[PDB]
């Protein structure tokens, strides 16, 4: 049940790939901002190498802090799948699986219309702790 997902996930060749890494000594993403073209197939590679032994995932949400909380809350109630957003979670565009320290996982999805979007980690307490970043989708 611990698997990638999201409304925008697709099985197509990526036009672009981008790597995101976890901060090694903090509950954060090493990259707090991303930039991608709209309605483009992209493969996001999340590399979770950290010195805390902690799990992390990468979750792109259809909106901001308020939408992020709903997704994160839906995730909080999904321990059986290692706290990834449940499938068909509203406003969850794309997510990687929940990764142990030392693990790497990807998600391939079509970027949404141009706009600003938060990406967060839904493992319990990380989002509140500030593990998030902003995705800007251009024309």
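Positions refer to the first chain, counted from 1.
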property: Selected stretch [higher average CA B-factor]: 103-111 or 57-65; result: 57-65
property: 37-45 set against 75-83, stretch whose average Cα temperature factor tops the other in the entry; result: 75-83
property: Highest-ranked of 128, 10, 23, 20 once sorted by CA temperature factor in the record; result: 128
property: Third of the chain, ranked by Cα B-factor, where residue 51 sits; result: lowest
